[PDB]
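Protein chains: 2
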Amino acid sequence: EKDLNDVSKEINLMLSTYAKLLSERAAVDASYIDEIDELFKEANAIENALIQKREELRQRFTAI
Amino acid sequence: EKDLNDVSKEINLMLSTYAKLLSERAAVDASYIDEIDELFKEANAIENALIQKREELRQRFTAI
Ligand SMILES: [Cl-]
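Chains as they are written, first to last, in the entry's author numbering: chain B, 54 to 117; chain A, 54 to 117.
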């Protein structure tokens, strides 16, 4: 007794749910990229600061 | 007046902070993977269900 209209309803409901899942995946990716970007900026700042501390060591070794 | 001991302290502190950043990145990656995995399970369940609904359509089309 389940007819083509019933099956159509189910297909449309599932595709609606898929649209929500796609939107959720985009938001999750944006959040992840945001966190990774902050981490990368901080790691790069640590790297540059380490290069200048290595140059301070170098200057003191040259004074030796 | 800032001696090699001061520079050493600063380098060790920056590398300590870097270790914390690394563990934070690992946690961010685990969290991301957990969310992506749940999304993937849900999307695959939708896909299998849509295949099942396409077969229900197919059976009704065969019924003609
Ligand atoms: Cl790393």
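Don't be surprised by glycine CBs; every beta carbon is placed ideally from N, CA and C.
Given residue i as reference, the closest of the options once Cα atoms are compared
i      : options                       : result
B:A72  : A:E95, A:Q105, A:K106, A:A116 : A:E95
A:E91  : B:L74, B:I86, B:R107, B:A116  : B:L74
A:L103 : B:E63, B:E88, B:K55           : B:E63
A:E77  : B:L110, B:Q105, B:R107, B:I89 : B:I89
Heavy atom of ligand 1 within 6 Å of residue i beta-carbon
i     : result
A:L75 : yes
7 Å Cβ cutoff, residue i in contact with chain A
i      : result
B:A96  : yes
B:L92  : yes
B:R111 : no
B:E63  : yes
B:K73  : no
B:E88  : yes
Min CB distance residue i to chain B below 7 Å
i      : result
A:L103 : yes
A:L66  : no
A:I117 : no
Three or more C-beta pairs closer than 8 Å, one from the segment 58-70 of chain A and one from the segment 81-88 of chain A: is that the case here?
no
Check whether the segment 108-117 of chain A touches the segment 105-114 of chain B, taking contact to mean three or more Cβ pairs, one atom from each stretch, closer than 8 Å.
no
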